[PDB]
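Here's a solo chain for you in structure tokens, the form deposited in one PDB entry.
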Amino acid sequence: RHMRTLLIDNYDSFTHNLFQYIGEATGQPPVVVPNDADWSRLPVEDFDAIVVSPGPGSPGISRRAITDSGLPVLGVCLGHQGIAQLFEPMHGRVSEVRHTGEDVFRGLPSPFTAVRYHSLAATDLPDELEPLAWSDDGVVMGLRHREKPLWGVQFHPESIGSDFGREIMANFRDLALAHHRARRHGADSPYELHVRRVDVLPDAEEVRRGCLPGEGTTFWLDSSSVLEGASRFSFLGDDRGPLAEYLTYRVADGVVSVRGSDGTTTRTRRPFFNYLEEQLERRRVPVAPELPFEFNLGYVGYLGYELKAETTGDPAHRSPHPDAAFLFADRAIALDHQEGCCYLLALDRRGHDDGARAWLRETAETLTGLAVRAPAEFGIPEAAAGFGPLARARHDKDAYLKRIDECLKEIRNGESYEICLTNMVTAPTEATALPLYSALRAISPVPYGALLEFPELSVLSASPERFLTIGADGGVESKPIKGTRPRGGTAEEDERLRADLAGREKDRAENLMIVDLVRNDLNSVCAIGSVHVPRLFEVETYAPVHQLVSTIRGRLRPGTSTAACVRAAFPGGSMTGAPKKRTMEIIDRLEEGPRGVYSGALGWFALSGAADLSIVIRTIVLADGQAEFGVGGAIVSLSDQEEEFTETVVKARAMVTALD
């Protein structure tokens, strides 16, 4: 559903201006009720946010909305003064307003112009209210309640002489969504989360080898590249805990297989995304304030491409691997690469003591023993050599050139605007997961690296791509990568190719169409006005390749689960193309087989409702003495067949090099 806003009219001549601004900012008009209306009569349960309009004179139902309701409230002028009390003269004149950039003022430049309609201001402010903004005149322009979701502005955002009025109203809408997403959680948690900070940062690979079994189900979410703003944390754990479970899914059957600490495999004939939504709602646990990350344990694993059968796609091909595979992590180790410390997370059932407090104690001793001095740290045409000596692509060059030709025909007939045509390469190897991964992470250090060691398969990911980062507050971020340029080797040819990638209209167009596609997916589950693009066509360089990256953000609608958001956006637009449904049908025909783990999502669903998912690219799947890795690229009207083939070989190089 969309969000519901109550606009309380205090009988001033500005209520209808606020009506317009709320309407434009939130995409839904507020329900207007008079101040002297009956409170007990009003269906306040139906409403999700109150805007208290300016009134004449000094600070009826706007009092009850603040004290009792418990709903998000925005006080405008006399509503602001109302919040200040319950807990020089300028009319139609402008002041420069300076602020901290928090809550209703986020995104706004300091200063910004606003008009004031008052002779009275909040001089002595109560201890439970903090000021957020001041006029050049030196009176309080913004305030907040430190616990309750209450906000005040001592100016008219909707005044013609004011700037960023719509933004302030969009910010209040955003604050109210996050408040109602945080109210869903109560005393309903079936687990107690124990946290322990250890003041050592051992090498992540020492933690994997030293703390995790070696044999059995393990996960390692590996920030092998650490850069301020891009990546900060690594996560590791195993299935040895008493409350830990391993979950698999087959589309063909449509059954969820679940292995507990009983040893029993439970078969449920249902869809995975609904299964996950249900478990995540039932197993809800609130985020810890002591943690600088929002992964407070939960599900770690991958969603395979073929899960499209439950989204907007057809079950055309069977994967030989599970279509979904997740460890429910009851215990995990978190490395903070910025601050140089560790966090130990362990689940106890809210009533019981299942040795969670004991695991924190034991693994803390182990980790301090691994803390030792941190050790010391390709171009074309050799990058475009082959897939390796023992390797065999599903489609050889000729077969792939014909699939590209078929893509160009489908685009000429106007069936697709962009096709992400991919190939699958299978090479025999006797290599074990961890040694092979140790070589890969050294070759291609990356923000979204991962080693999953599951019974059916090992996943060795050197992905740099963010699919969905969802906060517990309902904030969504997607960083689609599309537009690739090889490295030069010669640092002259390299920075030349980097500049070529940012400038070429072809690559910009490849990226833009995916930005529009991901915007569309997000808009289907996000609040009207929340979906925006703060960064377009940023260049990111990694050991193997130069990548064109765009950033899309949104805010989930109330009643939309984190699982619902991923379903709406799965499979990733950056791995399908536009329009998605018809493009995935073209992909089904030309690829003549499954993608499997490749072009799916890999990451975690937290018990806090937060999530962080990568796109599975630059990944080796190890199963039964065989390494298989996907490679692909965008086909558009302007594409050259030879160049597009060469691009799939280049993208394989990190995986080809790791294997030998």
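Here the rigid core means the biggest group of C-alpha atoms that line up within 1.5 Å when the two forms are laid on top of each other. In case it trips you up, residue 1 is the first one in the sequence shown, and so on.
Unshown form deposited in another entry; subsequent notes refer to it.
Compared between the shown form and the other one on the core, the listed residues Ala433, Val198, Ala122, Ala427 keep their C-alpha shifts below 2 Å, save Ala122. Comparing the forms between the shown form and the other one, the C-alpha position of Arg403 differs by less than 2 angstroms, with the core used for superposition. Comparing the forms between the shown form and the other one on their rigid core, the Cα displacement of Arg466 stays under 2 Å. After superposition on the rigid core, displacement of the C-alpha of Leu291 between the shown form and the other one stays below 2 Å. Panel note: the distance between the CA atoms of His185 and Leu602 is larger in the other form than in this form, the difference being 3 Å or more. Here's the thing about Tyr275 and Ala187: their CA atoms end up at least 3 Å closer in the other form than they are in this form.
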